[PDB]
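Asker: Supplied structure: input-v7.txt, compact mmCIF, N, CA and C atoms.
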# COMPACT_ATOMS: atom_id res chain seq x y z
N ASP A 108 -32.39 19.87 55.08
CA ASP A 108 -31.62 18.90 55.84
C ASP A 108 -30.49 19.54 56.64
N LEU A 109 -29.96 20.68 56.19
CA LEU A 109 -28.88 21.35 56.89
C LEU A 109 -29.35 22.36 57.92
N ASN A 110 -30.43 23.09 57.65
CA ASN A 110 -30.86 24.18 58.52
C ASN A 110 -32.28 24.04 59.05
N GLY A 111 -33.09 23.15 58.49
CA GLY A 111 -34.47 23.03 58.88
C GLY A 111 -35.36 24.03 58.17
N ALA A 112 -36.62 24.04 58.58
CA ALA A 112 -37.60 24.94 57.97
C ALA A 112 -38.64 25.32 59.01
N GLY A 113 -39.32 26.43 58.75
CA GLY A 113 -40.36 26.93 59.63
C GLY A 113 -39.93 28.18 60.38
N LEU A 114 -40.90 28.75 61.10
CA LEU A 114 -40.66 29.95 61.91
C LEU A 114 -40.34 29.51 63.33
N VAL A 115 -39.15 28.93 63.49
CA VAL A 115 -38.68 28.42 64.77
C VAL A 115 -37.35 29.09 65.08
N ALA A 116 -37.02 29.21 66.37
CA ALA A 116 -35.79 29.86 66.79
C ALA A 116 -34.57 29.13 66.22
N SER A 117 -33.57 29.91 65.85
CA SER A 117 -32.38 29.39 65.16
C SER A 117 -31.36 28.87 66.17
N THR A 118 -31.71 27.76 66.80
CA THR A 118 -30.79 27.10 67.72
C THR A 118 -29.62 26.50 66.93
N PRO A 119 -28.40 26.57 67.46
CA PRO A 119 -27.25 26.07 66.70
C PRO A 119 -27.27 24.56 66.53
N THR A 120 -26.64 24.12 65.44
CA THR A 120 -26.50 22.71 65.10
C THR A 120 -25.08 22.48 64.61
N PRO A 121 -24.41 21.41 65.07
CA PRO A 121 -23.03 21.16 64.65
C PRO A 121 -22.88 20.99 63.14
N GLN A 122 -22.07 21.85 62.53
CA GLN A 122 -21.85 21.79 61.09
C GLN A 122 -20.65 20.90 60.77
N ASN A 123 -20.76 20.14 59.69
CA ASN A 123 -19.70 19.23 59.25
C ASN A 123 -18.97 19.80 58.04
N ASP A 124 -18.71 21.10 58.04
CA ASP A 124 -17.94 21.70 56.96
C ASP A 124 -16.47 21.33 57.09
N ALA A 125 -15.80 21.19 55.95
CA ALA A 125 -14.37 20.90 55.96
C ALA A 125 -13.59 22.09 56.48
N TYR A 126 -12.39 21.82 56.99
CA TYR A 126 -11.57 22.87 57.59
C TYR A 126 -11.17 23.89 56.53
N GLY A 127 -11.32 25.17 56.87
CA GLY A 127 -11.03 26.23 55.92
C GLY A 127 -11.54 27.60 56.32
N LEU A 128 -12.00 28.37 55.33
CA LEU A 128 -12.36 29.76 55.57
C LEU A 128 -13.73 29.91 56.22
N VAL A 129 -14.57 28.87 56.16
CA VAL A 129 -15.92 28.93 56.71
C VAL A 129 -15.83 28.82 58.23
N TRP A 130 -14.61 28.62 58.73
CA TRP A 130 -14.35 28.39 60.14
C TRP A 130 -14.03 29.66 60.92
N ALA A 131 -14.11 30.82 60.29
CA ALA A 131 -13.79 32.09 60.94
C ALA A 131 -15.05 32.94 61.10
N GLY A 132 -15.20 33.50 62.29
CA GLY A 132 -16.30 34.40 62.58
C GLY A 132 -17.62 33.75 62.91
N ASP A 133 -17.64 32.43 63.15
CA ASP A 133 -18.91 31.74 63.37
C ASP A 133 -19.59 32.20 64.65
N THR A 134 -18.92 32.01 65.79
CA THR A 134 -19.28 32.58 67.08
C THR A 134 -20.51 31.91 67.69
N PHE A 135 -21.24 31.10 66.91
CA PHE A 135 -22.32 30.31 67.49
C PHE A 135 -22.54 28.94 66.87
N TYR A 136 -21.72 28.53 65.89
CA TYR A 136 -21.84 27.19 65.32
C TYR A 136 -20.72 26.30 65.82
N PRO A 137 -21.02 25.19 66.49
CA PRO A 137 -19.97 24.27 66.92
C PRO A 137 -19.56 23.35 65.78
N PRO A 138 -18.34 22.81 65.82
CA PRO A 138 -17.90 21.88 64.78
C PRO A 138 -18.39 20.46 65.07
N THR A 139 -18.14 19.58 64.10
CA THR A 139 -18.38 18.17 64.30
C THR A 139 -17.09 17.45 64.67
N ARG A 140 -17.25 16.30 65.33
CA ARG A 140 -16.09 15.53 65.76
C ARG A 140 -15.27 15.04 64.57
N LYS A 141 -15.94 14.66 63.47
CA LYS A 141 -15.21 14.32 62.25
C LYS A 141 -14.42 15.51 61.72
N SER A 142 -15.03 16.70 61.73
CA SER A 142 -14.36 17.89 61.22
C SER A 142 -13.12 18.20 62.04
N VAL A 143 -13.21 18.07 63.36
CA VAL A 143 -12.04 18.30 64.20
C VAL A 143 -10.99 17.22 63.96
N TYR A 144 -11.42 15.96 63.92
CA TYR A 144 -10.51 14.82 63.79
C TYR A 144 -9.70 14.87 62.51
N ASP A 145 -10.36 15.24 61.40
CA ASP A 145 -9.68 15.27 60.11
C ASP A 145 -8.51 16.24 60.12
N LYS A 146 -8.69 17.40 60.76
CA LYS A 146 -7.61 18.38 60.85
C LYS A 146 -6.55 17.94 61.85
N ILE A 147 -6.98 17.39 62.99
CA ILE A 147 -6.02 17.03 64.04
C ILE A 147 -5.11 15.90 63.56
N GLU A 148 -5.62 15.02 62.69
CA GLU A 148 -4.80 13.93 62.19
C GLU A 148 -3.59 14.44 61.41
N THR A 149 -3.64 15.68 60.92
CA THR A 149 -2.56 16.26 60.13
C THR A 149 -1.74 17.28 60.93
N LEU A 150 -1.53 17.04 62.22
CA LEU A 150 -0.76 17.94 63.06
C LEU A 150 0.27 17.16 63.86
N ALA A 151 1.40 17.81 64.13
CA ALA A 151 2.49 17.18 64.86
C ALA A 151 2.29 17.34 66.37
N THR A 152 2.76 16.35 67.12
CA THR A 152 2.64 16.36 68.57
C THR A 152 3.84 17.06 69.21
N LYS A 153 3.68 17.45 70.47
CA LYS A 153 4.79 18.05 71.21
C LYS A 153 5.85 17.01 71.58
N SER A 154 5.43 15.79 71.90
CA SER A 154 6.34 14.74 72.34
C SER A 154 6.25 13.55 71.40
N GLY A 155 7.41 13.04 70.99
CA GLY A 155 7.45 11.89 70.11
C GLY A 155 6.86 12.12 68.74
N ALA A 156 6.99 13.33 68.21
CA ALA A 156 6.46 13.62 66.88
C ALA A 156 7.38 13.08 65.80
N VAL A 157 6.80 12.34 64.86
CA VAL A 157 7.54 11.80 63.72
C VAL A 157 7.26 12.71 62.54
N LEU A 158 8.10 13.72 62.37
CA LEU A 158 7.97 14.65 61.25
C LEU A 158 8.34 13.95 59.95
N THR A 159 7.59 14.27 58.90
CA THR A 159 7.80 13.68 57.59
C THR A 159 7.84 14.80 56.55
N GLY A 160 8.38 14.47 55.38
CA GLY A 160 8.49 15.45 54.33
C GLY A 160 9.59 16.47 54.61
N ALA B 161 11.59 12.04 71.92
CA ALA B 161 12.45 11.64 70.81
C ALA B 161 11.77 11.92 69.46
N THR B 162 11.67 13.20 69.13
CA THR B 162 11.13 13.60 67.84
C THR B 162 12.11 13.20 66.73
N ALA B 163 11.56 12.80 65.59
CA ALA B 163 12.37 12.28 64.49
C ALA B 163 11.87 12.84 63.16
N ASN B 164 12.76 12.80 62.17
CA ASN B 164 12.46 13.24 60.82
C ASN B 164 13.30 12.42 59.84
N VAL B 165 12.84 12.37 58.59
CA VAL B 165 13.58 11.65 57.56
C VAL B 165 14.89 12.37 57.29
N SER B 166 15.98 11.60 57.23
CA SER B 166 17.30 12.20 57.10
C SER B 166 17.48 12.78 55.71
N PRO B 167 17.81 14.07 55.59
CA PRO B 167 18.10 14.64 54.27
C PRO B 167 19.42 14.13 53.73
N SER B 168 19.63 14.35 52.43
CA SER B 168 20.88 13.96 51.80
C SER B 168 22.04 14.78 52.35
N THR B 169 23.24 14.19 52.31
CA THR B 169 24.41 14.87 52.86
C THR B 169 24.75 16.13 52.08
N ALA B 170 24.26 16.25 50.85
CA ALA B 170 24.50 17.44 50.05
C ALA B 170 23.46 18.54 50.28
N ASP B 171 22.44 18.28 51.09
CA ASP B 171 21.41 19.28 51.34
C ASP B 171 21.99 20.47 52.09
N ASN B 172 21.72 21.68 51.58
CA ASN B 172 22.26 22.91 52.15
C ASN B 172 21.16 23.98 52.15
N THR B 173 19.96 23.58 52.59
CA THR B 173 18.81 24.47 52.60
C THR B 173 18.24 24.50 54.02
N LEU B 174 17.06 25.11 54.17
CA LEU B 174 16.42 25.28 55.47
C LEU B 174 15.82 23.99 56.01
N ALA B 175 16.06 22.85 55.37
CA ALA B 175 15.53 21.58 55.87
C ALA B 175 16.16 21.24 57.21
N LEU B 176 15.37 20.61 58.08
CA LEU B 176 15.86 20.24 59.40
C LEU B 176 16.92 19.15 59.30
N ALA B 177 18.04 19.35 59.99
CA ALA B 177 19.14 18.40 59.95
C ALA B 177 18.96 17.33 61.02
N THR B 178 19.29 16.10 60.67
CA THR B 178 19.23 14.97 61.58
C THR B 178 20.62 14.60 62.07
N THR B 179 20.66 13.85 63.17
CA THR B 179 21.94 13.42 63.72
C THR B 179 22.67 12.48 62.76
N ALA B 180 21.92 11.65 62.04
CA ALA B 180 22.54 10.80 61.02
C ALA B 180 23.16 11.65 59.92
N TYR B 181 22.48 12.72 59.51
CA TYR B 181 23.03 13.64 58.52
C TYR B 181 24.29 14.31 59.04
N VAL B 182 24.29 14.69 60.32
CA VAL B 182 25.47 15.33 60.91
C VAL B 182 26.65 14.37 60.93
N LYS B 183 26.41 13.12 61.34
CA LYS B 183 27.47 12.12 61.32
C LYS B 183 27.99 11.88 59.91
N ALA B 184 27.08 11.79 58.93
CA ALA B 184 27.50 11.58 57.55
C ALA B 184 28.36 12.73 57.04
N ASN B 185 28.01 13.97 57.41
CA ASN B 185 28.81 15.11 56.97
C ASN B 185 30.16 15.15 57.67
N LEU B 186 30.19 14.90 58.99
CA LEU B 186 31.44 14.91 59.73
C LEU B 186 32.34 13.73 59.39
N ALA B 187 31.79 12.69 58.75
CA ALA B 187 32.62 11.55 58.36
C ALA B 187 33.72 11.93 57.38
N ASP B 188 33.61 13.08 56.72
CA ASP B 188 34.58 13.50 55.72
C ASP B 188 35.59 14.52 56.26
N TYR B 189 35.66 14.72 57.57
CA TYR B 189 36.55 15.70 58.16
C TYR B 189 37.50 15.03 59.15
N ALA B 190 38.63 15.69 59.40
CA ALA B 190 39.66 15.12 60.26
C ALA B 190 39.45 15.55 61.71
N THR B 191 39.62 14.60 62.63
CA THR B 191 39.50 14.88 64.05
C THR B 191 40.82 15.42 64.61
N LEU B 192 40.75 15.93 65.84
CA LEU B 192 41.96 16.42 66.50
C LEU B 192 42.95 15.29 66.76
N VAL B 193 42.47 14.11 67.12
CA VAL B 193 43.32 13.01 67.56
C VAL B 193 43.57 12.06 66.39
N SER B 194 44.85 11.86 66.08
CA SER B 194 45.30 10.92 65.06
C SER B 194 44.54 11.02 63.73
N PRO B 195 44.56 12.19 63.08
CA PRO B 195 43.96 12.27 61.74
C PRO B 195 44.84 11.59 60.70
N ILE B 196 44.20 11.04 59.68
CA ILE B 196 44.92 10.42 58.57
C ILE B 196 44.67 11.26 57.32
N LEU B 197 45.56 12.21 57.06
CA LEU B 197 45.38 13.13 55.94
C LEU B 197 45.74 12.45 54.63
N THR B 198 44.94 12.72 53.60
CA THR B 198 45.06 12.06 52.31
C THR B 198 45.02 13.11 51.21
N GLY B 199 45.71 12.82 50.11
CA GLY B 199 45.72 13.75 48.99
C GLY B 199 46.94 14.65 49.05
N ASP B 200 46.70 15.96 48.99
CA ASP B 200 47.76 16.97 49.01
C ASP B 200 47.46 17.99 50.10
N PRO B 201 47.68 17.63 51.37
CA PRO B 201 47.49 18.60 52.45
C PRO B 201 48.57 19.67 52.41
N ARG B 202 48.18 20.88 52.82
CA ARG B 202 49.12 22.02 52.81
C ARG B 202 49.11 22.73 54.16
N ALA B 203 50.27 23.22 54.60
CA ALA B 203 50.43 23.94 55.85
C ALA B 203 51.31 25.15 55.60
N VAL B 204 51.33 26.07 56.57
CA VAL B 204 52.11 27.29 56.43
C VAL B 204 53.58 26.99 56.66
N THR B 205 54.44 27.54 55.81
CA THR B 205 55.88 27.39 55.97
C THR B 205 56.37 28.39 57.01
N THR B 206 56.76 27.89 58.17
CA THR B 206 57.18 28.76 59.26
C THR B 206 58.63 29.21 59.06
N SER B 207 59.08 30.09 59.96
CA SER B 207 60.44 30.60 59.89
C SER B 207 61.44 29.49 60.20
N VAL B 208 62.66 29.64 59.67
CA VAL B 208 63.70 28.65 59.92
C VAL B 208 64.05 28.61 61.40
N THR B 209 63.92 29.73 62.10
CA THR B 209 64.23 29.81 63.52
C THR B 209 63.06 29.42 64.41
N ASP B 210 61.95 28.95 63.84
CA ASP B 210 60.80 28.58 64.65
C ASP B 210 61.10 27.31 65.44
N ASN B 211 60.79 27.32 66.74
CA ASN B 211 61.24 26.25 67.61
C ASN B 211 60.11 25.70 68.47
N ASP B 212 58.97 25.42 67.83
CA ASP B 212 57.85 24.83 68.56
C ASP B 212 57.35 23.57 67.86
N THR B 213 56.21 23.05 68.31
CA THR B 213 55.65 21.82 67.76
C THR B 213 54.88 22.04 66.46
I need this file expressed as structure tokens, please.
Answerer:
Amino acid sequence: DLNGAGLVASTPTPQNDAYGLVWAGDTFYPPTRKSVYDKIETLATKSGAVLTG
Amino acid sequence: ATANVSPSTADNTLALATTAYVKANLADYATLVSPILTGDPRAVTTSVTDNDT
């Protein structure tokens, strides 16, 4: 379900891995929109940022 | 207009200071114009021949 099967060319597929160490050195795997969104939700903006903690 | 939760007036660490915190801290100090000193204020005893303000 994640990579497929058979003797077919390894075309890239968007991975839905959580943000972390698996995100370095990929060079041919694109992220998923959920994966990007989850990390971006936890970042401060340049303008009108409401810092907490 | 970036904002952050105001730290306590006793905070003396690397936490970001807010304008409300600054006002709260300065509320305990005397201004140049018409200060009302309370308690036991002390000043330097000048010479008897001193002739200024």
Asker: Set the cut-off to 7 Å and count all atoms listed in the file: what are the residues of chain A that reach chain B? Output as a PyMOL selection string.
Answerer: chain A and resi 154-160
Asker: In Å, rounded to a single decimal, give me how far CA of residue 136 in chain A is from CA of residue 120 in chain A.
Answerer: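 A separation of 6.5 Å between them.
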Asker: Please compute the CA of residue 151 in chain A-CA of residue 127 in chain A distance, one decimal, in Å.
Answerer: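 These atoms are spaced 18.6 Å apart.
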Asker: Counting all atoms listed in the file, figure out which residue out of A:139, A:145, A:153, A:108 gets nearest to residue 124 in chain A.
Answerer: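 Of A:139, A:145, A:153, A:108, the one nearest residue 124 in chain A, counting all atoms listed in the file, is A:139.
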Asker: So the first atom is CA of residue 132 in chain A and the second is atom C of residue 117 in chain A; what is the distance between them in Å, to one decimal place?
Answerer: 16.4 Å
Asker: Write range 119-144 of chain A as a PDB file, in the coordinates of the input, completed to N, CA, C and O atoms.
Answerer:
ATOM      1  N   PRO A 119     -28.400  26.570  67.460  1.00  0.00           N
ATOM      2  CA  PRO A 119     -27.250  26.070  66.700  1.00  0.00           C
ATOM      3  C   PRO A 119     -27.270  24.560  66.530  1.00  0.00           C
ATOM      4  O   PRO A 119     -27.836  23.815  67.330  1.00  0.00           O
ATOM      5  N   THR A 120     -26.640  24.120  65.440  1.00  0.00           N
ATOM      6  CA  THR A 120     -26.500  22.710  65.100  1.00  0.00           C
ATOM      7  C   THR A 120     -25.080  22.480  64.610  1.00  0.00           C
ATOM      8  O   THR A 120     -24.559  23.275  63.811  1.00  0.00           O
ATOM      9  N   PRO A 121     -24.410  21.410  65.070  1.00  0.00           N
ATOM     10  CA  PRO A 121     -23.030  21.160  64.650  1.00  0.00           C
ATOM     11  C   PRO A 121     -22.880  20.990  63.140  1.00  0.00           C
ATOM     12  O   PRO A 121     -23.486  20.101  62.538  1.00  0.00           O
ATOM     13  N   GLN A 122     -22.070  21.850  62.530  1.00  0.00           N
ATOM     14  CA  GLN A 122     -21.850  21.790  61.090  1.00  0.00           C
ATOM     15  C   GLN A 122     -20.650  20.900  60.770  1.00  0.00           C
ATOM     16  O   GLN A 122     -19.645  20.900  61.488  1.00  0.00           O
ATOM     17  N   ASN A 123     -20.760  20.140  59.690  1.00  0.00           N
ATOM     18  CA  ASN A 123     -19.700  19.230  59.250  1.00  0.00           C
ATOM     19  C   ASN A 123     -18.970  19.800  58.040  1.00  0.00           C
ATOM     20  O   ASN A 123     -18.659  19.084  57.079  1.00  0.00           O
ATOM     21  N   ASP A 124     -18.710  21.100  58.040  1.00  0.00           N
ATOM     22  CA  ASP A 124     -17.940  21.700  56.960  1.00  0.00           C
ATOM     23  C   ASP A 124     -16.470  21.330  57.090  1.00  0.00           C
ATOM     24  O   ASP A 124     -15.951  21.171  58.199  1.00  0.00           O
ATOM     25  N   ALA A 125     -15.800  21.190  55.950  1.00  0.00           N
ATOM     26  CA  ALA A 125     -14.370  20.900  55.960  1.00  0.00           C
ATOM     27  C   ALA A 125     -13.590  22.090  56.480  1.00  0.00           C
ATOM     28  O   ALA A 125     -14.046  23.239  56.418  1.00  0.00           O
ATOM     29  N   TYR A 126     -12.390  21.820  56.990  1.00  0.00           N
ATOM     30  CA  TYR A 126     -11.570  22.870  57.590  1.00  0.00           C
ATOM     31  C   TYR A 126     -11.170  23.890  56.530  1.00  0.00           C
ATOM     32  O   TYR A 126     -10.718  23.530  55.441  1.00  0.00           O
ATOM     33  N   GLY A 127     -11.320  25.170  56.870  1.00  0.00           N
ATOM     34  CA  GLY A 127     -11.030  26.230  55.920  1.00  0.00           C
ATOM     35  C   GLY A 127     -11.540  27.600  56.320  1.00  0.00           C
ATOM     36  O   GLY A 127     -11.536  27.959  57.500  1.00  0.00           O
ATOM     37  N   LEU A 128     -12.000  28.370  55.330  1.00  0.00           N
ATOM     38  CA  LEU A 128     -12.360  29.760  55.570  1.00  0.00           C
ATOM     39  C   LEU A 128     -13.730  29.910  56.220  1.00  0.00           C
ATOM     40  O   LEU A 128     -14.043  30.966  56.779  1.00  0.00           O
ATOM     41  N   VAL A 129     -14.570  28.870  56.160  1.00  0.00           N
ATOM     42  CA  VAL A 129     -15.920  28.930  56.710  1.00  0.00           C
ATOM     43  C   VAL A 129     -15.830  28.820  58.230  1.00  0.00           C
ATOM     44  O   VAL A 129     -16.834  28.930  58.938  1.00  0.00           O
ATOM     45  N   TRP A 130     -14.610  28.620  58.730  1.00  0.00           N
ATOM     46  CA  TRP A 130     -14.350  28.390  60.140  1.00  0.00           C
ATOM     47  C   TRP A 130     -14.030  29.660  60.920  1.00  0.00           C
ATOM     48  O   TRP A 130     -13.702  29.573  62.109  1.00  0.00           O
ATOM     49  N   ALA A 131     -14.110  30.820  60.290  1.00  0.00           N
ATOM     50  CA  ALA A 131     -13.790  32.090  60.940  1.00  0.00           C
ATOM     51  C   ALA A 131     -15.050  32.940  61.100  1.00  0.00           C
ATOM     52  O   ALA A 131     -15.848  33.076  60.169  1.00  0.00           O
ATOM     53  N   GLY A 132     -15.200  33.500  62.290  1.00  0.00           N
ATOM     54  CA  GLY A 132     -16.300  34.400  62.580  1.00  0.00           C
ATOM     55  C   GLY A 132     -17.620  33.750  62.910  1.00  0.00           C
ATOM     56  O   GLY A 132     -18.636  34.447  62.960  1.00  0.00           O
ATOM     57  N   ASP A 133     -17.640  32.430  63.150  1.00  0.00           N
ATOM     58  CA  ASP A 133     -18.910  31.740  63.370  1.00  0.00           C
ATOM     59  C   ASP A 133     -19.590  32.200  64.650  1.00  0.00           C
ATOM     60  O   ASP A 133     -20.728  32.675  64.627  1.00  0.00           O
ATOM     61  N   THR A 134     -18.920  32.010  65.790  1.00  0.00           N
ATOM     62  CA  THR A 134     -19.280  32.580  67.080  1.00  0.00           C
ATOM     63  C   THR A 134     -20.510  31.910  67.690  1.00  0.00           C
ATOM     64  O   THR A 134     -20.787  32.073  68.881  1.00  0.00           O
ATOM     65  N   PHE A 135     -21.240  31.100  66.910  1.00  0.00           N
ATOM     66  CA  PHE A 135     -22.320  30.310  67.490  1.00  0.00           C
ATOM     67  C   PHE A 135     -22.540  28.940  66.870  1.00  0.00           C
ATOM     68  O   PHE A 135     -23.461  28.233  67.284  1.00  0.00           O
ATOM     69  N   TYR A 136     -21.720  28.530  65.890  1.00  0.00           N
ATOM     70  CA  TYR A 136     -21.840  27.190  65.320  1.00  0.00           C
ATOM     71  C   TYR A 136     -20.720  26.300  65.820  1.00  0.00           C
ATOM     72  O   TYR A 136     -19.538  26.618  65.592  1.00  0.00           O
ATOM     73  N   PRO A 137     -21.020  25.190  66.490  1.00  0.00           N
ATOM     74  CA  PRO A 137     -19.970  24.270  66.920  1.00  0.00           C
ATOM     75  C   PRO A 137     -19.560  23.350  65.780  1.00  0.00           C
ATOM     76  O   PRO A 137     -20.340  23.106  64.851  1.00  0.00           O
ATOM     77  N   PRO A 138     -18.340  22.810  65.820  1.00  0.00           N
ATOM     78  CA  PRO A 138     -17.900  21.880  64.780  1.00  0.00           C
ATOM     79  C   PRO A 138     -18.390  20.460  65.070  1.00  0.00           C
ATOM     80  O   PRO A 138     -18.968  20.167  66.110  1.00  0.00           O
ATOM     81  N   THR A 139     -18.140  19.580  64.100  1.00  0.00           N
ATOM     82  CA  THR A 139     -18.380  18.170  64.300  1.00  0.00           C
ATOM     83  C   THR A 139     -17.090  17.450  64.670  1.00  0.00           C
ATOM     84  O   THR A 139     -15.979  17.905  64.377  1.00  0.00           O
ATOM     85  N   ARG A 140     -17.250  16.300  65.330  1.00  0.00           N
ATOM     86  CA  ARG A 140     -16.090  15.530  65.760  1.00  0.00           C
ATOM     87  C   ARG A 140     -15.270  15.040  64.570  1.00  0.00           C
ATOM     88  O   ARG A 140     -14.041  15.024  64.631  1.00  0.00           O
ATOM     89  N   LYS A 141     -15.940  14.660  63.470  1.00  0.00           N
ATOM     90  CA  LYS A 141     -15.210  14.320  62.250  1.00  0.00           C
ATOM     91  C   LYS A 141     -14.420  15.510  61.720  1.00  0.00           C
ATOM     92  O   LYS A 141     -13.272  15.358  61.292  1.00  0.00           O
ATOM     93  N   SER A 142     -15.030  16.700  61.730  1.00  0.00           N
ATOM     94  CA  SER A 142     -14.360  17.890  61.220  1.00  0.00           C
ATOM     95  C   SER A 142     -13.120  18.200  62.040  1.00  0.00           C
ATOM     96  O   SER A 142     -12.072  18.564  61.483  1.00  0.00           O
ATOM     97  N   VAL A 143     -13.210  18.070  63.360  1.00  0.00           N
ATOM     98  CA  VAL A 143     -12.040  18.300  64.200  1.00  0.00           C
ATOM     99  C   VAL A 143     -10.990  17.220  63.960  1.00  0.00           C
ATOM    100  O   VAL A 143      -9.803  17.522  63.788  1.00  0.00           O
ATOM    101  N   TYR A 144     -11.420  15.960  63.920  1.00  0.00           N
ATOM    102  CA  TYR A 144     -10.510  14.820  63.790  1.00  0.00           C
ATOM    103  C   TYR A 144      -9.700  14.870  62.510  1.00  0.00           C
ATOM    104  O   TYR A 144      -8.501  14.585  62.499  1.00  0.00           O
TER     105      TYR A 144
END
